[PDB]
Structures are given as structure tokens and as C-alpha cells.
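The chain below stands alone and is given in C-alpha cells; this is the form deposited in one PDB entry.
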């Protein structure tokens, strides 16, 4: 019953991790989706600045991860992914974060090669007329200050719910006393209206908005705006029949409006490729829906449904007349549409409870994906050879999983085969300046990515000791890979298709030593190989381990955490994704941190922490290369923060 601070999350069900994001996390997160996944073994984060990291799962990056918010899909618009999906998510506003590792589900959209991530909010359960609030404030080093509010009121028949947050930090300092360009600010406000005409019905309308700004240690530009707009409507019916346990319909609309420039959060580097004030605006409009029925009968559960999705991308730039140094901002020009994606899918999952200690699950889905290139020209300007052209493909995926509970031990074993196929996304088709060799551009030739992967592992849910492991081996056909070349002026990317082998796993245990002392540990490993070129895959996080120690008496608790990270010597220089490249073997490091928590009232709880107690100067292997405009050298990557203190108070009524 004693309050805690979360240093790491364990796996509770096979392949499935579930956590409540509202608890204090020990490497305290910069109020961003990617930082709440640091806590779960298998995740790493490309650091861009102080916030807005790009999450990497088992070495896979980007659209290989399926990031859902209330079953809806929010996607960002920057061509260089300053606004990864998780930039718009504020996790402590959500109630449940769950992660399914590997291509082992079909219920939540196409192409979840690496895994799916589901932030949800469970609906209110009001009986009498009533209300509830929970809130939190947080203050830390470097001007870090966060407010979070969650309030609802309603009764048997419906409810109003408000969720909001405001969060900011100024530039942090690394372990050497250098201050890192990394100031950020974020806010969100979202409302939900729910109507529950009887206990077998739920209709809910959601709407919300958010904005932010972020300085980027790399990049060469900063993000001055991250406008989000979201509209959602869903519909749940329970127990409509004896076999038809549930029917869920849902429709959602998301809009991202991003602005990047070099004069609002920095001053234009007078000796770069951008000495002139320049901004670029992009937006992304996303409309999509789901409809699914769950059938339960005998020893079988069956979920069948269809989903659909459209999304569109547009952009406009600034202009700088140079011999009259007059600046025309981007809002003075029209939008140029440049891409439209469509997807329609149909899916089903079947669970056979072969009684007792045996479970067998299989799913399939078939997807029709299509894109149209709307760029009339390229970037001064030249013709686009694929203007108005279209591409489509029909892509099937599916999986089988078997689960076995043992006789003696409280042990579950499991193994699964999964095949997943993913249509290339906006960044793989539109951001590279060159496609495969012999191609007119990326849009024309980049093939879908096809992943076949074997997942297996076990859980020991004993008393005193809980343990879990999950491994994976797989091959990827036509893995989409970026290469960087230096043609004198500027850097130029090239997307290609290669074949890859991948493997790895995570394991962890927590032992309850006494009634007061618990210890736990985790290990995460990833390995990747480009078979086409016989060399390592780029941007693969090195071997990582975490050891925690926690004492809890009555109302209070104290924790320690050691994070130790191996060097990464398997690299692929000048290859990577759309965001970063490999360049140098990384050094290992260890980082130590302390936290404490104390329940004052049944409504008020306190916590505090020191991150990086020993002020270690360290950089992660994945982090982006720092920009020549600031104090960063040649492919030196942005360092991690130095010692930081934080304190937090949680309220609940």
C-alpha cells in the first residue's frame, strides 16, 4: 500500500506491458510520449533536445511502431520528424498505457511491425450524481514546472470530463557544465462528453487542442509551433446478443499544424547554409475510423472488424528577398498539397481457450493501401517526375500464438509466429532526395516492408519473486533504410530497400526480499544486420541494464536506480533513418538516481528525486548529431542532462 516511484515497468501478460502513466517516474519524463516509454525495457529514445524524442523499439523506429491515442491515430507533419507522434501525447493526461511487442496483433491498424502502443482513457463510472479531481504539480532544476488537471462530473446517465496540462523547461546543462539548446513548452486541453443511456450503452464525444515549442540541439531549425486539433466520436454496445458481447464503432479527426524556423528560438547562424530568416510551415490532416464486433461463446472469443484511414500533408515556406532584406512569412503564401494516403483494412482475431492452462490465438488482416503524390514541383525549383501519380498495394498480415501454463509452477510459456507487411509512409516516400539507384525518385520505387518474426518467452508470477523474459528472431524483407552522402553542399538522403535479420530480447525480475525491501532488474538487447550489404543495421541501441532497490515502510518509500549501458561497436556509418545516421562507436556509461515518496493524506502524496546523482557526462548512441551553429563539433551528438532535482505533489478527490 506504500507509495512508489516508477524506475521500470514489468511485463504482466505474454508480450504485453500495462502501466498507469499518472505515477512518478524516476528518470523524470519531459512530459512527452517517448519519455514515458524509456521506463519499459526494449525502448530507447533519439534525443533531439530537451523534449520530443523519437521512440525506438527493439531497434525499430518510426512507423514500424503503431502509436494509438484513444484508438485514434495522430501523425505529425515535419518532413524531418521534429514532431514524432509521441510529441503530441501528454501521458499523464491518459489513464492506461499498454504495449504489445512484436507483430502479434491485428486489431489496431496496418503494419505494426515492431509493436503497438495504446494510450487510453477508461470512461467514467458514475452512479449517483458526483465528481472527481486528480491533479499534480512538478518543479525541478532548470526552470522545469508542470501542471496537470483531470476533473469530471456526471451521474448514471452521462458525464463531462476535462483534461489539461501545462509544461515547460529551460535549457538544461550536461555533465560538463555546458548548457544545451533545449528549452521547451507544451500545453493541452481536451474535453469529453459521455452519454450512458443504460448500462449496456456508451456514446462519447471528445475534442481537444494543444500547442508547443521546442529548441533543437541538432536540426539547424527549431520548432516554434506544434498546434494539434482533435475531434473524436465513439460508440460501444454491450451484450446485444447472447454471443455478441460487444460492438464498438469509432471515428476520429486529427490535425497537426507545425512551424519550424531559425529566428524565433535562436538567432540565424550568420555563417551557415541559412544566414537569412526562414520558416517552413507544414500540416497533416487525419480522418479515420474503426468498427469491430466481439463474439464470445463456448471456449472461443472472436473479434472481427474493418478500419479505414485517410491523411493529407501540405506545406508552405517563407521567402527572403536578399537585396531588399525584406522577409515574407510563410502564412503569406498558399498551401501546396503534396501527399494523400488512404488505407482500408479488415481483420479478425480468434482465441481458443483449450481449457485450463492452454491458450491459442490467431489473427489475420488484409489491407489496401494507396498514396498519391501531389507535388507539382520540387526544391531553385525543378519538375517532379511523379506528379499526380498513384501507387497502391494489397498487403496481408497475421499471427499465431500459443500460450501454456505449467502444472507445478505459476509459470506461463509462450511462442508465436507473426508476419506483418507495411506500406511505406510519408517520410520514406517524400523526404529522401534520392530513391534506389536507377529510380526516378523514392515515391516511384520504394517497396513495402515485409517482416516475419518469431516471438517467445515466459512469465513466473510466483510470490516473493516475479520474473519475465521475451525473445525474438526475425527476418525483414525490403527493410527501408536511409543513407547519407556529402556532395559538397548540404546532406542528401537516399532511401533503399535491403534485407535484414534481427534478433534480441528483454528480461527482468523483481524479488521481494523482506516486507520492506524489494529489488528488481532488467536487461534489454537488440541486434540487427543488413544482409544485402553484409554489415550491421544502423541506429541499434546497445545492451542496457537497470537495477533498482526500494525500501517501503508505512506511508513512505525510498528508491535507488543504476542504469548501465554497454558500448555499441556494431554500427553502419552514414546510414540510419530519416532522423539520424550512425557515425561512431559509442562509449558505455552508468547513471545513478534516488527518489522518495511520502503519502500525506489519502488525497495528497509527495515525491522527489535526484536524476544523475554523480553528474555523469554522457551521450546515448542514438542521439542526434549536434548542430554546427551552437557549440557542437563534427558529428558530436547532443549529450544527456547532468544532475537534476525534481519534486512533485499528486492530488486525488
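Here the rigid core means the biggest group of C-alpha atoms that line up within 1.5 Å when the two forms are laid on top of each other. Residue numbers count along the first chain shown, from 1. Residues that one form lacks are left out of the comparison.
Asker: Quick one: classify how much of the deposited chain lacks coordinates between residue 379 and residue 380, choosing none, 1 to 3, 4 to 9, or 10 or more.
Answerer: Missing in between: 4 to 9 residues.
Asker: Going by the mean C-alpha B-factor recorded in the entry, which is higher: 620 to 628 or 590 to 598?
Answerer: According to the PDB entry, the answer is 620 to 628.
Asker: Once you work out the mean C-alpha B-factor for both 490 to 498 and 111 to 119 from the entry, which is higher?
Answerer: Per the deposited B-factors, the answer is 490 to 498.
Asker: Which is it among 297, 399, 253, 426: the one with the largest CA B-factor in the entry?
Answerer: The record points to 297.
Asker: Highest CA temperature factor in the entry: which of 323, 540, 524, 476?
Answerer: Reading the PDB entry, the winner on C-alpha B-factor is 323.
Asker: Within this chain's modelled residues, let me know which third the CA B factor of residue 41 belongs to: lowest, middle or highest.
Answerer: Middle third - that is where residue 41 ends up once the chain's C-alpha B-factors are sorted.
Asker: Tell me, lowest, middle or highest third: where does the Cα B factor of residue 435 rank within its chain?
Answerer: For residue 435, the deposited C-alpha B-factor lands in the lowest third.
Asker: C-alpha B factor of residue 353, ranked within the chain: lowest, middle or highest third?
Answerer: Answer is highest: the recorded C-alpha B-factor places it there.
Asker: Relative to the other modelled residues in the chain, which third contains the C-alpha temperature factor of residue 646: lowest, middle or highest?
Answerer: Answer is lowest: the recorded C-alpha B-factor places it there.
Asker: Taking the chain's C-alpha temperature factors as the reference, tell me which third residue 28 falls into: lowest, middle or highest.
Answerer: It belongs to the highest third of the chain when residues are ordered by C-alpha B-factor.
Although not depicted, the form deposited in another entry is the subject of the following passage.
Asker: At a threshold of 2 angstroms on the CA positions, core aligned, which residue out of 41, 55, 626, 50 shifts between the shown form and the other one?
Answerer: Shifted by 2 Å or more: 626 only.
Asker: Closer or farther: the CA pair residue 273/residue 630 in the other form, versus this form, with a change of 3 Å or more?
Answerer: Pair moves closer in the other form.
Asker: Just say closer or farther for the C-alpha distance from residue 319 to residue 631 in the other form, relative to the shown form; it changes by 3 Å or more.
Answerer: Compared with the shown chain, residue 319-residue 631 is closer in the other form.
Asker: Once the rigid core is lined up, which stretches of 3 or more residues in a row have C-alphas that move 2 Å or more between the shown form and the other one?
Answerer: In sequence order there is one run that relocates between the shown form and the other one, which is 626 to 634.
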